[PDB]
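Reviewing the structure listed below.
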Amino acid sequence: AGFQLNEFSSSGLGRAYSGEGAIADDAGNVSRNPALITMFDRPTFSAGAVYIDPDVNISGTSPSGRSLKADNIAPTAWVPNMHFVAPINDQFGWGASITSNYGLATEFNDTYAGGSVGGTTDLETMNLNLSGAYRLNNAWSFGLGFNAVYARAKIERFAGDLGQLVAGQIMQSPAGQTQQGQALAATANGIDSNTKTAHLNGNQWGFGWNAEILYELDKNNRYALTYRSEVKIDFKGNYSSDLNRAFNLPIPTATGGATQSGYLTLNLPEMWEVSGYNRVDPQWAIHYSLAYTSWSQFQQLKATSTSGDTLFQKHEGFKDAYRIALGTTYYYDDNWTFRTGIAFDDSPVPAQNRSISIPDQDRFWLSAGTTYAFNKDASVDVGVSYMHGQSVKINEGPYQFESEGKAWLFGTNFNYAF
Ligand SMILES: CCCCCCCCCCCC[N+](C)(C)[O-]
Numbered sequence: 001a002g003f004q005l006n007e008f009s010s011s012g013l014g015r016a017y018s019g020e021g022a023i024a025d026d027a028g029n030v031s032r033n034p035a036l037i038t039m040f041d042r043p044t045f046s047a048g049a050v051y052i053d054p055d056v057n058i059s060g061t062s063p064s065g066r067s068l069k070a071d072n073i074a075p076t077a078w079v080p081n082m083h084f085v086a087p088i089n090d091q092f093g094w095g096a097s098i099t100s101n102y103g104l105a106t107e108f109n110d111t112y113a114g115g116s117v118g119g120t121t122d123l124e125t126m127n128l129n130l131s132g133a134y135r136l137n138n139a140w141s142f143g144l145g146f147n148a149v150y151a152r153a154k155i156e157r158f159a160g161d162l163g164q165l166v167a168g169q170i171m172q173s174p175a176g177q178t179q180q181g182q183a184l185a186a187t188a189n190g191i192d193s194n195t196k197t198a199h200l201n202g203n204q205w206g207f208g209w210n211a212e213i214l215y216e217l218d219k220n221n222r223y224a225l226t227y228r229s230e231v232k233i234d235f236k237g238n239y240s241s242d243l244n245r246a247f248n252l253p254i255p256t257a258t259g260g261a262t263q264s265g266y267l268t269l270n271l272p273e274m275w276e277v278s279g280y281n282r283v284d285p286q287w288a289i290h291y292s293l294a295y296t297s298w299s300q301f302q303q304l305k306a307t308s309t310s311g312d313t314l315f316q317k318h319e320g321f322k323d324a325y326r327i328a329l330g331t332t333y334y335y336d337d338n339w340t341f342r343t344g345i346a347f348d349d350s351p352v353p354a355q356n357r358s359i360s361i362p363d364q365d366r367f368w369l370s371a372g373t374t375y376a377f378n379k380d381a382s383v384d385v386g387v388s389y390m391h392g393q394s395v396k397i398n399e400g401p402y403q404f405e406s407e408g409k410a411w412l413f414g415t416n417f418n419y420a421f
């Protein structure tokens, strides 16, 4: 998953988010799978957070001989979640929740030789969801939900050695000797590492909806199909570039540092997910899922000026991708519950499109969790998950890098009910 997040509950973390639309042992699940609402016969609560500790690294050498060693470019994060589910009557119930389905944060040193293709990239996302559900009969249930997505993002790029590279090019071609071509490679080579090559930031809201059909063969077996609509966010922020208005080459529009309104449309992929849950035995349940995310909808990142011109652009060309997950839950005794999960979700970025801003790659999830219930009305969820990613090669601009990533997740949630 590119800039997607799966941390909506601590229970799901311990089970590697496998079959999340077919399980409902705690309120956290109905946040992304509405129909599960008809699985609760009483007001239920849950709140907590997942701490993410990534270890992402970039390596390589610039044509300028300088090092492209970006060490630990992914900051640690806390992704909170909060859930409420309540029955209206015997046929209807609803739910509310706050979670985060998208996010990203990559930051290099502004003196990094790769400044032009990697400086600072941040995307914070908050999703407010109000849902409702209807239970046709003992087998079928229907869930509808509306979402309010808030997103704050900030992109800033610099110039690593581009000045030295272009200046070195201007001094290798015939136009080198020219007292004009040299006063050109003296200016180019002049630009410092930390020279804000671009700056975009802004906040905005997007809206979307959910639909799920839950089918249960019985009290111990059910399967489900859920639709998560795409969400477009039309930002309206601030753009600028410290490069002299003169420089206006495949460079972002220079504004001599001045700021001007900027417009950008972020496309958050829609999602389809089929899942099942099998309570094979009084104490064991098996849960699995396949998720299809159409990252195709995220074709680019283009910034427009009020006038309509392009101030900043970056091709992304993402392809739809799948996430596969298998896990099991051990309902030990009235007090203890244990869970494991393994999962694999392949990155939607084609090798040809990879960039150091989203050091993304195929991922392996291995996870474990436990749940202590204090009395059937209160419980705590503790989950842990290990993430390791495929190491890949990146060709961006004149540079060539190589990145690898691994991450650890710890999460805690407290549950309550009446
Ligand atoms: C006018 C400002 C518009 C805000 C620009 C915010 C873009 C957030 C996109 C995050 C995706 C990260 N990526 C593609 C750059 O690696």
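Using the entry's author numbering, the letters of the sequence shown map in sequence onto residues 1 to 248, 252 to 421.
For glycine and all other residues, C-beta sits at the position ideal for the given N, C-alpha and C.
Do the CB positions of residue i and residue j come within less than 8 Å of each other?
i, j, result
"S240", "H199", "yes"
"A77", "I52", "yes"
"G103", "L217", "no"
"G414", "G48", "yes"
"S31", "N129", "yes"
"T296", "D337", "no"
"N418", "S382", "yes"
"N101", "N127", "yes"
"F158", "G115", "yes"
"residue 251", "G93", "A gap in the chain, from 248 straight to 252, means residue 251 has no coordinates in the model shown."
"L269", "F235", "yes"
"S292", "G2", "no"
According to DSSP, what are the bridge partners of residue i?
i, result
"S131", "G95 and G145"
"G48", "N81 and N416"
"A288", "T332"
"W298", "According to DSSP, which records beta bridges pairwise, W298 is partnered with nothing at all."
"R342", "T332 and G372"
"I233", "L269"
"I58", "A70 and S406"
"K305", "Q316"
"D122", "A105 and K154"
"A159", "According to DSSP, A159 bridges with nothing at all."
"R222", "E216 and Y280"
"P63", "BP columns for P63 are empty, so no partner."
Regarding residue i and ligand 1, is the C-beta to nearest heavy atom distance less than 7 Å?
i, result
"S360", "yes"
"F3", "yes"
"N201", "yes"
"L267", "yes"
"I52", "no"
"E319", "yes"
"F235", "yes"
"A306", "yes"
"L104", "yes"
"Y375", "no"
"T121", "yes"
"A74", "no"
"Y215", "no"
"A224", "no"
"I155", "yes"
"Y295", "no"
"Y150", "no"
"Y239", "yes"
Which class does residue i belong to by DSSP, given the choice of helix, strand or coil?
i, result
"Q393", "coil"
"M171", "coil"
"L243", "coil"
"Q364", "coil"
"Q316", "strand"
"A371", "strand"
"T178", "coil"
"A153", "strand"
"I23", "coil"
"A185", "helix"
"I213", "strand"
"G206", "strand"
"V352", "coil"
"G190", "coil"
"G12", "helix"
"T256", "coil"
"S388", "strand"
"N29", "helix"
"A261", "coil"
"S382", "strand"
"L36", "helix"
"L136", "coil"
Since residue i and residue j should fall inside the 8 Å C-beta cutoff, what is the C-beta to C-beta distance between them, to a whole number of angstroms?
i, j, result
"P253", "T197", "11 Å between Cβ atoms; not a contact."
"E399", "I359", "6 Å"
"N210", "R222", "Incorrect: roughly 18 Å between the Cβ atoms, too far for contact."
"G392", "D365", "7 Å"
"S131", "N416", "19 Å between Cβ atoms; not a contact."
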